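Colleague: pasting the sequence and an experimental structure:
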Amino acid sequence: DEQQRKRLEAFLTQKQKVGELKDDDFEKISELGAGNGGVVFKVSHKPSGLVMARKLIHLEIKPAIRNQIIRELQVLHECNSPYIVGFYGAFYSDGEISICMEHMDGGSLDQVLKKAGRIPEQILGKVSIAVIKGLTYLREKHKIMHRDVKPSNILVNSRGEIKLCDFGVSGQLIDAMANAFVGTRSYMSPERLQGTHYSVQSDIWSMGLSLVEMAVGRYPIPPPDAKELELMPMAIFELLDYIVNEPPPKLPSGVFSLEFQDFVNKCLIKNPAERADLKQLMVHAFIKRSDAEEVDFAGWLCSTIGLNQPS
Amino acid sequence: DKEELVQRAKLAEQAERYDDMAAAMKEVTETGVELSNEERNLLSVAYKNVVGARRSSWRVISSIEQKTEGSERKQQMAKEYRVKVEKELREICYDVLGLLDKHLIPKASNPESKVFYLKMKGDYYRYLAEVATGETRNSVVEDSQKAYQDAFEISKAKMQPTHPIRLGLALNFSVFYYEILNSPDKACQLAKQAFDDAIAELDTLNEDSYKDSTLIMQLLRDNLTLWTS
Amino acid sequence: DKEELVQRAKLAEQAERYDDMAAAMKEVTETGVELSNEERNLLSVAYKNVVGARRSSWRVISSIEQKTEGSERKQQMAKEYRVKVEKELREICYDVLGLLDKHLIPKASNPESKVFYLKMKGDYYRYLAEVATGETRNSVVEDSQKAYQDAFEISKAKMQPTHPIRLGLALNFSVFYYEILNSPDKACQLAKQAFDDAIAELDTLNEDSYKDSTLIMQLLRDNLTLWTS
Amino acid sequence: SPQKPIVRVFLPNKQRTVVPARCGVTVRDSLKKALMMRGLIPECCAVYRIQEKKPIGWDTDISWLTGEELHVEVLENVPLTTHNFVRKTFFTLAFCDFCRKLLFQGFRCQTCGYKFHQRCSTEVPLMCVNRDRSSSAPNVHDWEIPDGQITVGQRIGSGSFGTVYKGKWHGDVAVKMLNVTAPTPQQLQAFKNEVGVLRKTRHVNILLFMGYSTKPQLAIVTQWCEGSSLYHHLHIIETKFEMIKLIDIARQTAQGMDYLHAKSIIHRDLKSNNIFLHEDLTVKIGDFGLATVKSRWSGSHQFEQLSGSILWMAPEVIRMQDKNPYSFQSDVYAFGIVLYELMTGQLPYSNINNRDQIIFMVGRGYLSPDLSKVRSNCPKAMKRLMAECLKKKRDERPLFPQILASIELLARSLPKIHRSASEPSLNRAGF
Amino acid sequence: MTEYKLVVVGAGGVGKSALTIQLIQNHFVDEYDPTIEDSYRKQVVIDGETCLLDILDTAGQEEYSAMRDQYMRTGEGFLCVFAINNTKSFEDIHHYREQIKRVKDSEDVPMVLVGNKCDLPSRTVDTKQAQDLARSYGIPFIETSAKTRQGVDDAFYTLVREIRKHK
Ligand SMILES: Nc1nc2c(ncn2[C@@H]2O[C@H](COP(=O)(O)OP(=O)(O)NP(=O)(O)O)[C@@H](O)[C@H]2O)c(=O)[nH]1
Ligand SMILES: Nc1ncnc2c1ncn2[C@@H]1O[C@H](COP(=O)(O)OP(=O)(O)OP(O)(O)=S)[C@@H](O)[C@H]1O
Ligand SMILES: Nc1ncnc2c1ncn2[C@@H]1O[C@H](COP(=O)(O)OP(=O)(O)OP(O)(O)=S)[C@@H](O)[C@H]1O
Ligand SMILES: O=C(NOCCO)c1ccc2cncn2c1Nc1ccc(I)cc1F
Ligand SMILES: [Mg+2]
Ligand SMILES: [Mg+2]
Ligand SMILES: [Zn+2]
Ligand SMILES: [Zn+2]
């Protein structure tokens, strides 16, 4: 709209003020989070005064592959959407790949979910809207697919924005990522565990698998116990075997409306083609309803984190 | 009497003692008795293993000789030990070649056996060509060229291209071209021709001839794959 | 010079030839100088492989002799070949014993070397025991018994329960008990006691001998499992 | 329709099967198991697509054929290879490939190198895939560093259970800040007990373990290695070496692992990252054991949450369904993947752009290291060892006493066997 | 001389394929590779008759029931398999029998009830339940373990005998 265009243009304006990205141009302010393969810091770019997030991935790869990754990561300069985290520049130094993005002071939805215990359906509606619009922008404007949709990659700020990040834009970077340490849980759609990406359908499952996890405050595989649900250590290979050979998870009986439950069930179909696409979800009853609702996302976020109300 | 010596040769083969089998077969062929298939195959295996063990020993000795040249006169005795090994290598091949000159070649009433004996002569000449250097190498290889060229014709004219003896002859000739004359393109072309001819004429073999020919063809495929790269 | 002879012996060992190696080490021992730790292993390996080839030949020949089960001259010739290879093995073992009891055993400062050489003496007396059937068997059997008891006293006195030499002596002694004397109860008792005592000091395993220790341990376990059935 | 893009396959003798049409999988591998159940092998068969019967290559990517019907037939062509068994006495240390016991006398396949006792002939593999005398004696051939001593220097890099720094402690050492920063009094005790064992290891191929330090959290102190790791020399610079040095590296790694297993220490982490070339000559394995500092505890239990590059984890380790998956055979599988990495120069599964996909398919027994990327001169005996190390069932994998011996057996026969083949001896066998 | 078309049906995971592979090759598969379709031939002597068995091993996953139904239409007799640790698979024997009646357009179809996985601990479908269900349909009940091979031949041979009775 108008405010989104304003913010995008202001981000571009603040982006032109940044030239070459040198390692000496950053002063480390704080740590923001860490995963199994990278560490992110909030830092200040001295030459331009801006404050950004800097992800550092430490890969032991040959210099040619590293350079091709660096070159491929420059496509992120084209991604300009209110549902995609802003990108300032990527480079390599001191044996680590550094990716510079805009700072989301609200954090990722995993941290917000940990702070909140559970997330209300009404908030989840706007979250799903943003996720779907970001996936649409990635599928249409760039013909690339996220492939790593989960609460750890959905970011939010104090201005009520909800943006996607950590999507698969550099194929060589994914190829390097295939030599990673085993995680504790997977959001991979069942077809990807036996075949290859079935287009954006393979992303949508993850979103659903995320929403339920945010809907209940618990990793939904295996589904909660009979009395753990009323209270409202599986091996990773066992989780994958459950994902492939067991019925998908579902929302609780009566805690959530039927449109949200139908949305998540359509999002969690084990057959990707029978599973809904972006256009189906965009005009879903739950999506229409949550788009009609005037939910105060920024204030709810600030409240949950423990900061004073914004605006 | 003959059967007693053949039984002794078989018993020596089972006992892994090979020099006794070599002697017991040389004394059998010394008489000039009609040599059948198994009787000559025992001789072939005996004279193959006896020379093969010493050839492997010579290869190891030569490899150790060239491990480190920047050293004292420890290589001095190494080459003299190798010379002794050759002194115990060439003369047995000469005992085989003289034997082939005595009885085998004249007392042959079947072209297949003639091809077999000529291939053996060529194989032992190729065995001698490795250690022999200078003009002796040339003098040795000039005999093996004709030994194989007087056998390939008979193989092509009297026996099928799928015959295990013809396949063995082609394999040995390709190895001779590759290792001695160092013409890898001609060796590859010869091997490809033999293998394509074998494939073009297949599924006609006997029931017994379903292991050995396959073995030679699989070794041919291994060599072709090794020489392509 | 001794180093030239030792290098020649090692070179022949790397060439998989065990006739020049045995002669070279016999010439080394004939000098009458005390061997080092390294030089002894080459002698042991050479005079083990030389006997081992004849042992394999003898085993397979006796198997064929027990397989034929007929009435002809094949059995008589097989018996003649068996007595020939038995005479050859007797000559080898007698040469080893003559080279052992005149230059090494009487001059052995290190008790460890004494245990090694008494183990070898018992091993070759057992090698002679398994072939010679008759009245002479009781002499060599008792000689091996005396040698092994003498080695075992020193092993119990001044040896480690995890040393390769003590474990090898115990293994050879249990095999001697089981095969020659046919008393498996005491063989099992000895094997279990030795295996337990080797289990005792399991932590004390330096780099010098970990492969030999665990290999003899596993061989003892395999023999124990074979004999307890 | 595609129904999980499947392919329908018609088989000999009126049989049939459905296989998943997954990108990146060959027809051969899609069908391997179905054929095996019927005593068939792709190499003894032909495959066709219906279009009407048109021949396709066994190495075709099956995902191109989704929705199609394939047919597999035989033509009774080359019978793979028949075992050329020669009776041989082994004057050197040899083990029977079936029974893993000492093999003083037996049979050897001239082509494929398989070795077995006379008594085990009923257990020999059928296709040559390219009262007895009891055995005898074979041939003969407080550790806590206090504060104020470890000069922690420059950060080197983070791992799967800690970050490594180059420290100064009576010379250059490698300090490791273990991720487990707050250990319980039981985990600390178990870690001290594990260090008790690790301090008593001294081998030329094993990195020296110089204790730890408790005051500044937990910090394993190991011998600092100069030069670079094997992974660095195999995937960063891609400096391939002659086969002799490669087999020597494999032999030294196997010797170090054999020393580790002789003392009953499961490495749990053997991979090209933990293999160093000390002065470009000596192989040194590091980061072994330390089972108690991985999989952070919640009490007196140490449920292994599993952590490490899954490329080297055995299928039994990937499953984690077993009570304890880090046994000797999982170490052997890790070594086998190291052998594959050394031999081909590429990491396993160089055609997959997902990590969870690899975990699922490997732990499921569907994905295996492809053995069609090897060099065109590797002796078949050597390659057979690598294929034995990567057996899905862990009980089939050999132990390191056998692997070291098998490596050394072909280490000496390398130069002679590199020349072209020759006319072999005929059958000369019978059972 | 005599060919018999046998169809193995029942819920996912109960051991249909493991039972079939034990019959065909005397080997237990411990992996769980879900079936879409698999057919086998095996020649066997049963009651003095050399029999050619066509074994049609079907999918337990209902997603592939269209393929299952094509196999069922050709079959002459049915092994209806449940697992002794899966009560729903036991209850759903009724579903499979109804499917057979539907596809065969007949209430008179040779059938044998098989309770598999009897080697497991903590069995939850008891012998009385299973025998009562078999009795309710007038069919034999055979306990099996594809792991130990107990009952495998009896299950298939009994079905062949039921087909012979029906012929
Ligand atoms: N312990 C045990 N496991 C068994 C037995 N029979 C099958 N299984 C196991 O159960 C799993 C499923 O077996 P399978 O034969 O594939 O079952 P299915 O009924 O054919 N499944 P689907 O309907 O999907 O084709 C496999 O892991 C198999 O090893 C048995 O008798 N005992
Ligand atoms: N742009 C960002 N701004 C602020 N924090 C961020 C940003 N990107 C990532 N983070 C933090 O880093 C973590 C998520 O990033 P990653 O660690 O890369 O993802 P992850 O948790 O490792 O899961 P993955 O990517 O599926 S392996 C969270 O703790 C976030 O708070
Ligand atoms: N003993 C050592 N001496 C010298 N450098 C070392 C040593 N151990 C590790 N390193 C270095 O540390 C870097 C990364 O740290 P590590 O944690 O050892 O990596 P890692 O081996 O992948 O981790 P794990 O736990 O073994 S999977 C490697 O690239 C090595 O260069
Ligand atoms: O970040 C990644 N994986 O997580 C690290 C493991 O801890 C990641 C994974 C795949 C990928 C392909 N192309 C870039 N890729 C990534 N990077 C990345 C992408 C977009 C944004 I906006 C920010 C990023 F950091
Ligand atoms: Mg992330
Ligand atoms: Mg099935
Ligand atoms: Zn073979
Ligand atoms: Zn055996």
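Modeller: Received, thanks. Numbering: from 1, shown residues only, chains lettered A, B, ... in the order given. Ligands and ions are numbered 1, 2, ... in the order given.
Colleague: hey, let's count contacts and neighbours off CA atoms from now on
Modeller: Fine.
Colleague: strands of the stretch 51-200 of chain A, start to end?
Modeller: A:51-57, A:87-93, A:96-102, A:107-108, A:154-156, A:162-164 (DSSP state E, counting those that start in this stretch).
Colleague: ok, residue D:138 - how many residues close by?
Modeller: Using other CA atoms under 10 Å in any protein chain shown, residue D:138 is surrounded by 19 other residues.
Colleague: neighbours around the residue lying closest to it once chain neighbours are set aside, how many?
Modeller: Closest residue to residue D:138 apart from its sequence neighbours, by CA to CA, 6 or more residues apart in numbering or on different chains: residue D:93 at 7.5 Å. Look at residue D:93: counted by other CA under 10 Å, it has 17 neighbours.
Colleague: so how far is stretch E:35-50 from its chain's centroid?
Modeller: Put simply, stretch E:35-50 sits 13 Å off its chain's centre (CA atoms, centre = their mean, to the nearest Å).
Colleague: which residues sit in contact with residue 209?
Modeller: The chain I'm using is chain A. By CA atoms under 8 Å, 6 or more residues apart in numbering or on different chains, the residues touching residue A:209 are A:150, A:187, A:220, A:268.
Colleague: hmm, I had chain B in mind actually
Modeller: Listed by CA under 8 Å, 6+ apart, the contact set of residue B:209 reads residue B:164.
Colleague: so it, which state does it fall into?
Modeller: At residue B:209 the chain is in coil, as set by DSSP: H, G, I helix; E, B strand; the rest coil.
Colleague: and what of residue D:174?
Modeller: Assigned with three-state DSSP, residue D:174 falls in the strand class.
Colleague: thought residue D:166 was touching it, still the case?
Modeller: Yes - Residue D:174 lies in contact with residue D:166 (CA atoms under 8 Å); the separation is 4.9 Å.
Colleague: joint contacts of the two?
Modeller: Counting by CA under 8 Å, 6+ apart, the residues touching both residue D:174 and residue D:166 are residue D:224.
Colleague: and residue 94, how many residues sit next to it?
Modeller: As the question left the chain open, I've gone with chain A. For residue A:94, the count of nearby residues is 8 (other CA under 10 Å).
Colleague: the chain in question should be chain E.
Modeller: Burial of residue E:94 is recorded as 15 neighbouring residues (other CA under 10 Å).
Colleague: show me where chain B has strands.
Modeller: For chain B, no strands are identified by DSSP state E.
Colleague: buried ones in the longest helix seen in it, by neighbour count?
Modeller: When chain B is parsed with DSSP state H, its longest helix is helix B:37-65. Neighbour-count burial for helix B:37-65, counted by 16 or more other CA atoms under 10 Å in any protein chain shown, picks out B:39-40, B:42-51, B:54-61, B:64-65.
Colleague: picking up where we left off before, got the strands of the stretch 51-200 of chain A as TSV, with distance to ligand 2 and mean neighbour count columns?
Modeller: TSV is the format used below for those (distance: least, CA to the nearest ligand atom, whole Å; neighbours: other CA atoms under 10 Å in any protein chain shown):
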stretch	distance to ligand 2	mean neighbour count
strand A:51-57	5	21
strand A:87-93	9	20
strand A:96-102	6	20
strand A:107-108	5	22
strand A:154-156	7	25
strand A:162-164	9	26
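Colleague: right, so of those, which gets closest to chain C?
Modeller: Minimum separation from chain C across those (CA to the nearest CA) falls at strand A:96-102, 39.5 Å.
Colleague: angle of the closest one against strand A:87-93?
Modeller: 170 degrees (axes from the mean of the first three to the mean of the last three CA atoms, to 10 degrees).
Colleague: helix or strand for the residue nearest the centre of chain E, which one?
Modeller: Centroid-nearest residue in chain E, with CA atoms, centre = their mean: residue E:79, separated by 2.5 Å. Using DSSP states H and E, residue E:79 maps to strand E:77-83.
Colleague: that strand: partners in the sheet, and parallel or antiparallel?
Modeller: Paired strands of strand E:77-83, with direction, are strand E:2-10 (parallel), strand E:111-116 (parallel) (DSSP bridges).
Colleague: using a markdown table, please lay out these together with mean neighbour count.
Modeller: Below are the strands paired with strand E:77-83 laid out as a markdown table (neighbours: other CA atoms under 10 Å in any protein chain shown):
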| stretch | mean neighbour count |
| --- | --- |
| strand E:2-10 | 22 |
| strand E:111-116 | 27 |
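Colleague: just the helices from chain E, written as ranges.
Modeller: E:16-25, E:65-74, E:87-91, E:93-104, E:127-137, E:152-166.
Colleague: wait, doesn't residue D:50 sit right on residue D:72?
Modeller: No - counting by CA under 8 Å, residue D:50 does not reach residue D:72; the two are 11.1 Å apart.
Colleague: separation between residue E:75 and ligand 7?
Modeller: 43 Å (CA to the ion, to the nearest Å).
Colleague: just checking, that residue touches residue E:6?
Modeller: Yes - the criterion here is CA under 8 Å, and residue E:75 meets it with residue E:6 at 5.7 Å.
Colleague: now do the shared contacts for those two.
Modeller: Taking CA under 8 Å, 6+ apart as the criterion, residue E:75 and residue E:6 both touch residue E:56.
Colleague: which one's more surrounded, residue D:50 and residue D:72?
Modeller: Taking other CA under 10 Å, residue D:50 and residue D:72 do not tie; residue D:72 has more neighbours (19 against 11).
Colleague: what about the nearest residue to the more buried one once chain neighbours are set aside, helix or strand, and which?
Modeller: The spatially closest residue to residue D:72, leaving aside those adjacent along the chain, is residue D:47, at 4.5 Å (CA to CA, 6+ apart). Residue D:47 belongs to strand D:46-50 when assigned by DSSP H and E.
Colleague: which residues touch that strand?
Modeller: D:54-58, D:68-75.
Colleague: now do whichever residue of chain E sits closest to ligand 8 against chain A, distance only.
Modeller: Closest approach between chain E and ligand 8, counting by CA to the ion: residue E:27, at 22.9 Å. When CA to the nearest CA, to the nearest Å is applied, the distance between residue E:27 and chain A equals 24 Å.
Colleague: now do residue B:108
Modeller: 66 Å.
Colleague: also residue B:203?
Modeller: 41 Å.
Colleague: tell me, what residue is most central in chain B?
Modeller: Centroid check for chain B by CA atoms, centre = their mean gives residue B:123 as the closest residue, at 3.6 Å.
Colleague: ok, that one - contacts?
Modeller: Applying CA under 8 Å, 6+ apart, we find residue B:123 in contact with B:144, B:172.
Colleague: now residue D:7: phi and psi?
Modeller: phi -130, psi 130 (degrees, to the nearest 10).
Colleague: wouldn't it be in contact with residue D:16 here?
Modeller: No - between residue D:7 and residue D:16 there is no contact under CA under 8 Å: 10.8 Å.
Colleague: between the two, which one's more packed in?
Modeller: When residue D:7 and residue D:16 are compared for neighbours, residue D:7 comes out ahead with 25 against 20, by other CA under 10 Å.
Colleague: from residue D:261, how far out is that one?
Modeller: According to CA to CA, to the nearest Å, residue D:7 stands 45 Å off from residue D:261.
Colleague: cool, residue A:40 as well?
Modeller: Taking CA to CA, one finds residue A:40 at 40 Å from residue D:261.
Colleague: do the same with residue B:128
Modeller: Distance from residue B:128 to residue D:261, by CA to CA: 48 Å.
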